[PDB]
Amino acid sequence: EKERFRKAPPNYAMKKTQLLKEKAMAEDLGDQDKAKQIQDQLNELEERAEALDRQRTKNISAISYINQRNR
Amino acid sequence: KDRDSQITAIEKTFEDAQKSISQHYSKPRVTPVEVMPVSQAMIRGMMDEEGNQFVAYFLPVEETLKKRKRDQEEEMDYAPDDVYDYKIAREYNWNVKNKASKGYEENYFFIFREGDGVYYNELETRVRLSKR
Amino acid sequence: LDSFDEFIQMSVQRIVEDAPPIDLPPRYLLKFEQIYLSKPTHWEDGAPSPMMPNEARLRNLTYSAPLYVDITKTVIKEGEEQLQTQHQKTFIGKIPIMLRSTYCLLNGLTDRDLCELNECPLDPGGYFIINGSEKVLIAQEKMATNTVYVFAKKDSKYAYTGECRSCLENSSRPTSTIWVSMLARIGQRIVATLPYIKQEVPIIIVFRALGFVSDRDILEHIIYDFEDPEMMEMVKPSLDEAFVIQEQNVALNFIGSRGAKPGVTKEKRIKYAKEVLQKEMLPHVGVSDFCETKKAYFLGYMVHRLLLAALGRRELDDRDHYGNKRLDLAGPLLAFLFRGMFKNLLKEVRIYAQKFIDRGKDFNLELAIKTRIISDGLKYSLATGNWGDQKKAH
Amino acid sequence: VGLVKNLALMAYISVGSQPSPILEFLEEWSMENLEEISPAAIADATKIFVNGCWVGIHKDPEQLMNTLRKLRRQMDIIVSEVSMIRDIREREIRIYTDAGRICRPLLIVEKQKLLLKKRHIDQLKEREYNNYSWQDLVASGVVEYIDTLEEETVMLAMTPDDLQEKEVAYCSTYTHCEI
Amino acid sequence: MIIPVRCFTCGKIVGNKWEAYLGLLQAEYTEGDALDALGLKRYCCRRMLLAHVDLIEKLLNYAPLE
Amino acid sequence: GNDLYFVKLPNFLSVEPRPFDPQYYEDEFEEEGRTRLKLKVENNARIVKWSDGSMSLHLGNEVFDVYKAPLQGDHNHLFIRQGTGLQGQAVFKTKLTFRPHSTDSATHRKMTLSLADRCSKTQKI
Amino acid sequence: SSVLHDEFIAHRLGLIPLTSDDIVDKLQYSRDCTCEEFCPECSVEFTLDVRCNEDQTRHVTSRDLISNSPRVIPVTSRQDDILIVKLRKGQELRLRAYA
Ligand SMILES: [Zn+2]
Ligand SMILES: [Zn+2]
């Protein structure tokens, strides 16, 4: 029960869940499961990448800008 | 899977390169400028010998010795083995015919600016010239 | 990483699928084929999930994939009753994975994901986790295989020794260190230290056993120019030194009379000396039914090259020179193991087939498959550092 | 001291590959196979050596070396990790495809100029912003992995310019340059 | 890990200057003018900002929670 | 009208030699199957030229990124050999002194099953 | 709960300069004050309470050091602030300090 309802991805768990989702996609010979998995994976990726850029929005963002222009 | 998905996405990509181009993975570092739209039988040449079948190292403006390439097959058992040369008199010229070097031939698709048209002209069999 | 990847992709397979089918009263076949390896896991008594390297580190686990194979249990008996029941994906053992390899969970994986796994993006990889210890395989250097060398061990009956560490390609047979050497001193005699023979034999007697009755015919293999009497008069002393043996058969007797197990009957001896000259010596050239004509060429080459060194026409080989060396990376180090570890399990399934047919009952391979051979051998050698079996670890 | 050692920065150790396309290729040149050869035709002919195996005889060794290297640059029949060594003094061509050979990348020289023209630097400076990479220098035949055993035969420069200028002659036959 | 509070040599406070220094590298400055514009005269204090490697930015990627 | 218009592509980017036609196209094909279908739903072409001298080849929103690198082992003439004349009427065009160097890629997947089983049986009596 | 140690925080706090002019020639040395712990006659009390709740990273600066004395502050009066730590989403720092 307790794994079901609460928002799953943040902080580290999304990486293992992404791997698991990939494994679920790969283990299926059915194209419908594959495409549903693909969709699910893309969505969680986007969500996660947003969350990462959000956290890095400040003070990480600033250093990213100086490093790209220094090289 | 399903056929309707395929006909849709193919005929759509015969238009999704014909839209306006303005952003890319390599933007803002670069932006696009202009467009080059898209059987065959190519006679390969040896870089040492430097083959006379088509004069790539000299680029002739007109044939000094012929009206057109009368390049039929080298035998009736040998249709892919074309004569590969720009000759029209019965003269004992030296121009190298296309030998059946399939072993190395491998893949090589060719296309052209066919008046800005959607087509293809992929190569059939990569035959090769020789000092014969 | 590359070394490992080639081991996982192209030496795990090709060590499995190299071994012979086992038989045993009716008898069976029992053949292996395709091999399967999954991402690493820990709970395949909990619910199944991927093991992450950092969890493997923190819990003193062993970062390993389960390993499976396709086995055909094939068997036939009286009445032409036969069957080939296949056990797809039978578990064999657990194989430790090199971090950031082609078969790691940490592969093609972004900085975001590496951080989310609590793992370093800067970590190079290339090491094993064994009981939550990071282990590296140090690249052991060695003299290059299949490549003739010449040296002066002057501290012996030999003025010069030619050498070849002949090897086939990761065979269940190890390398055979052949030597072909020139004695000090008639004077000037030349001998092959062939493998498993009690002692060295004059080279001409080798070519006689190879099947060259004629004198003219042996030297064409060893002396390319018949026009320089320089090299002619050099082999005479050995050519004189074999005039008693002229046919193949008496020749075989001569080598066969010096095996580690010399056969009591004459034909036993010939049966020996025919086998060593086809499988033992110079494997890399071929181990087939008729390869003597090409085994002849390469041996004449070794003699030829010794004659060149002795004439002084060619400079002696340097054993220190790094072109004469190779490096056992994490691929070859492991392939060396996995050979022996797979042989052990074929010894297990053997005795297990036997104890079971003798009852006249039927035998089952699932219990025959001792998982603890691979899983523990690997895990052992990668742990102690001892490159061997635990009982011969000294 | 001296027994435990360390790799160099650009050292690469050969992962290994099968000598089978080489065998197939070498067959269909003007080779002569070992089992169909008259023992009288080994005198004036070069000996071929695949992975330590004397597999063939060739009457022309200046056509092979030029052909084998062109493939080993053009990434097709002979993979980049292979080393081909030509011994001049003794008539021997040795090829290794096996594993464990330590080698390192060098720039190729032709005439007395580098294959690394300013096009490659321009494509390689603009990497990440386009898909180009080190493997394109390999595939374009600009840089080459040379084994220690093949480094025996190179005539190697130490800077592009300074060693390939015009003076009293040192060699004027450079084959490679250091990176 | 994180910019020192003081130049180890002299003792000038450099702890407040790291954000500002990266800000002056968001501007198109040479590091030599960035260091000068912040007022670091000594070649002791100037080493602190040149040489500081900011690893706290990498340690911050290892979230505890969320 | 004549220029460098030869284009090598990898196995997974094999474009049809003929225009798309509904009378020439059929449904035969199906992570495993994901790479399968791509062969004909994608692979008419527009090689876009860029201000840096790079090229991008488009068969969708997916991109192949390309450089006009030189060639020296393949110095042929390109020609439209159509079966009409004596034995394939090769029409002259560009010479193969250059051909595309470019990037087109793929991926893999993951697995998981079980280790050993139970044991320690005991017969009656 | 920061990414640094415990003493790293404490060490960095030590090196922050405090405005001393009006007060330093009034205070007892700690070792000379009669108090069983600390006195306003022998110390100034400081306080840091920081929790990163937001999404962006938290620059723990000398701004966060809250003094009980209005004069013995970090150098903020009249130009950035001494960076102590950087906090992530859910990390915190509570301490009290004496000067
Ligand atoms: Zn200073
Ligand atoms: Zn007090």
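Note that each Cβ is placed from the backbone with ideal geometry, even for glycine, and that neighbours are counted across all protein chains shown. No value in this document is a laboratory result; all are computed from the given coordinates.
Among all the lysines, which ones have a C-alpha under 18 Å from residue C:370's C-alpha, if same-chain residues fewer than 8 places away are not counted?
Candidates past the 8-residue exclusion: C:31, C:73, C:89, C:94, C:343, C:347, C:355, C:379, C:391, F:121.
Can you tell me how the range F:15-58 classifies by the Cα gyration tensor, rounded, prolate or oblate, using a/c under 1.5 as the rounded cut? The partial results should precede the final answer.
On the way: a/c = 5.20, a/b = 1.69, b/c = 3.08.
Oblate, because a/c is 1.5 or more while a/b does not exceed b/c.
Report, ordered by chain and residue number, the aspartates and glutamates lying within cross-link reach of residue C:153, taken as a straight Cα distance under 14 Å and ignoring same-chain residues fewer than 8 apart.
Within the straight-line cut-off, residue C:153 pairs with C:163, C:317, C:318.
So how do A:22, D:24 line up by other beta-carbon neighbours within 10 Å, fewest first? Present the calculation step by step, with values, prior to reporting the outcome.
Values: A:22 19, D:24 11.
Ascending number of Cβ neighbours within 10 Å: D:24, A:22.
Classify the range C:73-183 as rounded, prolate or oblate, taking a ≥ b ≥ c as the square roots of the eigenvalues of its Cα gyration tensor: rounded when a/c is under 1.5, otherwise prolate if a/b is larger than b/c and oblate if not.
Numbers: a/c = 4.01, a/b = 1.25, b/c = 3.21.
Because a/c hits 1.5 or more and a/b fails to exceed b/c, the range C:73-183 counts as oblate.
When Rg is the radius of gyration of the Cα atoms in chain C and Rh is its Kirkwood radius, what does Rg/Rh come to?
On the way: Rg = 26.5 Å, Rh = 24.8 Å.
The Rg/Rh ratio comes out at 1.07.
Once you put a point 7 Å from the Cα of residue G:28 and another 7 Å from the Cα of residue F:122, both along the Cβ direction, what distance in nm separates them?
8.0 nm
Work out, in µm²/s and without decimals, the Stokes-Einstein translational diffusion coefficient of the range A:24-71 at 4 °C, 1.567 mPa s, Rh from Kirkwood over C-alpha pairs. Spell out each step's value before the answer.
Details: Rh = 13.1 Å.
In µm²/s, the coefficient rounds to 99.
In the structure shown, do any of A:36/F:38; A:36/F:8; B:102/D:70; C:236/C:274; B:99/C:294; C:39/F:40 have a Cα-Cα gap over 29 Å, and if so which? Walk me through the numbers on the way to the answer.
Numbers: A:36/F:38 17 Å; A:36/F:8 34 Å; B:102/D:70 19 Å; C:236/C:274 26 Å; B:99/C:294 35 Å; C:39/F:40 31 Å.
As for pairs spanning more than 29 Å Cα to Cα, those are A:36/F:8; B:99/C:294; C:39/F:40.
To the nearest 0.05, how large is the calculated FRET efficiency for residue D:5 and residue B:118 if R₀ is 60 Å and r is the Cβ-Cβ distance? Provide the component values of the computation, followed by the final result.
Numbers: r = 60 Å, r/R0 = 1.01.
For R0 = 60 Å, the calculated efficiency reads 0.50.
222 nm [θ] for chain D, helices only, -39500 (n - 2.57) per DSSP H run of 4+, per residue, to 500?
Numbers: 5 runs with 39 residues, N = 179.
Calculated from helices alone, the mean residue ellipticity at 222 nm is -6000 deg cm²/dmol.
Helix-only estimate, please: 222 nm mean residue ellipticity of chain E, summing -39500 (n - 2.57) across DSSP H runs of length 4 or more and dividing by its residues, to the nearest 500. Don't jump to the answer; show the numbers that get you there.
Values: 4 runs with 27 residues, N = 66.
Counting only the DSSP helices, I get -10000 deg cm²/dmol.
Give me the Kirkwood hydrodynamic radius of chain G, using the inverse of the mean 1/r over all pairs of distinct Cα atoms, in Å to one decimal.
On the way: mean 1/r = 0.0678 Å⁻¹.
Evaluated over chain G, this radius sits at 14.7 Å.
Can you tally the net charge around residue C:343? Count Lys and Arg as +1, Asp and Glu as -1, for every other residue whose Cβ sits under 13 Å from the Cβ of residue C:343.
Working: positive: C:173, C:339, C:347, C:350, C:370; negative: C:18, C:348, C:389.
With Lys, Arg at +1 and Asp, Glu at -1, the net is +2.
Given labels modelled 7 Å from the Cα in the Cβ direction, how far is it in nm from residue F:82 to residue G:51?
The answer from the label model is 7.9 nm.
Between residue C:356 and residue C:226, what length comes free when the chain is fully extended (0.36 nm per residue of separation minus the Cα-Cα distance, one decimal in nm)?
Details: separation 130, 0.36 × 130 = 46.80 nm, distance 6.52 nm.
Extra length from residue C:356 to residue C:226 when fully extended: 40.3 nm.
Would you please give the FRET efficiency between residue C:186 and residue C:19, computed as 1/(1 + (r/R0)^6) with r the Cβ-Cβ distance and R0 = 60 Å, to the nearest 0.05?
On the way: r = 49 Å, r/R0 = 0.82.
That gives a FRET efficiency of 0.75.
Counting each DSSP H run of 4 or more residues in chain F as -39500 (n - 2.57), what helix-only mean residue ellipticity at 222 nm follows after dividing by all residues, to the nearest 500 deg cm²/dmol?
Working: 1 runs with 8 residues, N = 125.
-1500 deg cm²/dmol, from helical runs alone.
When C:72, G:76 are ordered from fewest to most other Cβ atoms inside 10 Å of their Cβ, what list results? Walk me through the numbers before you get to the answer.
Details: C:72 17, G:76 14.
Lowest to highest Cβ neighbour count: G:76, C:72.
So for B:36, D:10, fewest C-beta neighbours within 10 Å to most, what's the order?
Details: B:36 19, D:10 12.
Result, fewest neighbours first: D:10, B:36.
Does the range C:263-394 come out rounded, prolate or oblate, given a ≥ b ≥ c as the square roots of the eigenvalues of its C-alpha gyration tensor, rounded meaning a/c under 1.5 and, failing that, prolate meaning a/b above b/c? Don't jump to the answer; show the numbers that get you there.
Details: a/c = 3.38, a/b = 1.49, b/c = 2.27.
Note, shape of the range C:263-394 comes out oblate.
With all pairs of different alpha carbon atoms counted, what Kirkwood hydrodynamic radius in Å does chain E show? Write out the running numbers ahead of the final one.
Working: mean 1/r = 0.0788 Å⁻¹.
Here the Kirkwood hydrodynamic radius works out to 12.7 Å.
Determine which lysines satisfy two conditions relative to residue E:17: a Cα distance under 25 Å, and not lying fewer than 8 residues away in the same chain.
Reachable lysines: A:58, E:41, E:58, G:86, G:89.
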